[PDB]
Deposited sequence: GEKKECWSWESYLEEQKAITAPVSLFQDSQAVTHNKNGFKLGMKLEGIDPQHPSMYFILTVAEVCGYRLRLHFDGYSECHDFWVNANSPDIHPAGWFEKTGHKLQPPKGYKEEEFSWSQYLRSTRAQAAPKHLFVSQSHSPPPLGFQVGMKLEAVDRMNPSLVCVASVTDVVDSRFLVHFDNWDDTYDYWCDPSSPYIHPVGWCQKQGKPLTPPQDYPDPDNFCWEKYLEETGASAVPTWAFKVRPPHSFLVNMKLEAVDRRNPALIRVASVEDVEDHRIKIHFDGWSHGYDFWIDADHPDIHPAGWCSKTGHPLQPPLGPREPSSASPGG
């Protein structure tokens, strides 16, 4: 199997590399992560929380991470340029809470106990060493689309800031709805946006007399400021066209990456189809998702590519 023959046979084109974020396209970095190295990382199921993680497996430019002390059923895959992982010691140097291993804090002591090596600092794209997003401070308030219930635009807060990104939290809900984004995210807006737009604003869970929620009063009673309106940037719509081909991680078996097609498009999202598979497997994904890549990515990075079914 080859891309060239397949594109000839299908009279199809691949999505140009230029269409992707640099981070999605880059193939020339080696994976420096090794089996058993330890590190710190976000829990993908609880994006506000940080855990001790160990390298369980490496395939090309991807790695499988294991929560120390917990079941291997929670193991998950990231790319080696993930910004959601950090070197040992990052939590205490940067004001983040680290959850300890299950049942279990000092790294020197834990490394002595386990006789393990921490992943070296140079491997990590994100170490809180780069200029944060201007205008976005911890504690500030905004309006955000609940990406899991996207008919709702809700009262939200910035609860974490790391390098170029910040964490959006839904006031009074749990952290399962939290997400990391940057100032150009199409899912965030300034305080007052819903009112300007004539759209309903979903107030915090269990806010007393919710029909009379008022930002002016909420900010006063929470000692909070709005993210300034100038800080929000307009992200251009992506330029993926229907039928363009690429590679994409399979969500049903995340170990696998498959030949894929652009089935449909929105301004900021792309509907992915796995060539040869049922359209039942088609799924919407944001255009900036770290798990889509230009044709050639697997082959250049040393990861197997599943050809069409």
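Within the chain's deposited sequence, the coordinate-free stretches run 1-6, 111-114, 320-331 in sequence order.
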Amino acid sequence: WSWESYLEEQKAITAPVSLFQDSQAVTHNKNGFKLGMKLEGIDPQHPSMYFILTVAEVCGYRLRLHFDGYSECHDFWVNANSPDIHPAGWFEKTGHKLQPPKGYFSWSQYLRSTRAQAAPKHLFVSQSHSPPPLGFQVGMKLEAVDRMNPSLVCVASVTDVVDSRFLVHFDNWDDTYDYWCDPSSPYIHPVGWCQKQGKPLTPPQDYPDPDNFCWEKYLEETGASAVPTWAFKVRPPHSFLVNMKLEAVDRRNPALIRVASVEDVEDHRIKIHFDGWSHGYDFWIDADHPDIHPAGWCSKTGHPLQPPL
From here on, numbers count along this sequence of modelled residues.
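Take the two forms, superpose them, and find the largest set of C-alpha atoms that agree within 1.5 Å; that set is the rigid core.
In 7 other deposited structures of this protein, superposed by the rigid core, the C-alpha atoms of 110-118 lie farther from the shown form than the other of 235-243 and 110-118. With each structure aligned by its rigid core, the stretch whose Cα atoms sit farther from this model in 7 other deposited structures of this protein, between 167-175 and 79-87, is 167-175. Judged by mean Cα B factor in the deposited record, 230-238 ranks above the other of 230-238 and 134-142. Per the PDB record, of the two stretches 64-72 and 261-269, 261-269 carries the greater mean B-factor over its C-alpha atoms. The residue among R165, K196, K93, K102 whose C-alpha carries the highest B-factor in the deposited model is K102.
Residue-level temperature factors show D175 in the middle third of its chain, judged at the C-alpha atom. Annotation for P44: CA B-factor lies in the middle third of the chain's modelled residues. Sort the chain's modelled residues by C-alpha temperature factor and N31 lands in the middle third, per the entry. Sorting the modelled residues of the chain by their CA temperature factor places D160 in the lowest third. Ranked within its chain, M244 lands in the highest third, by CA B factor from the PDB record.
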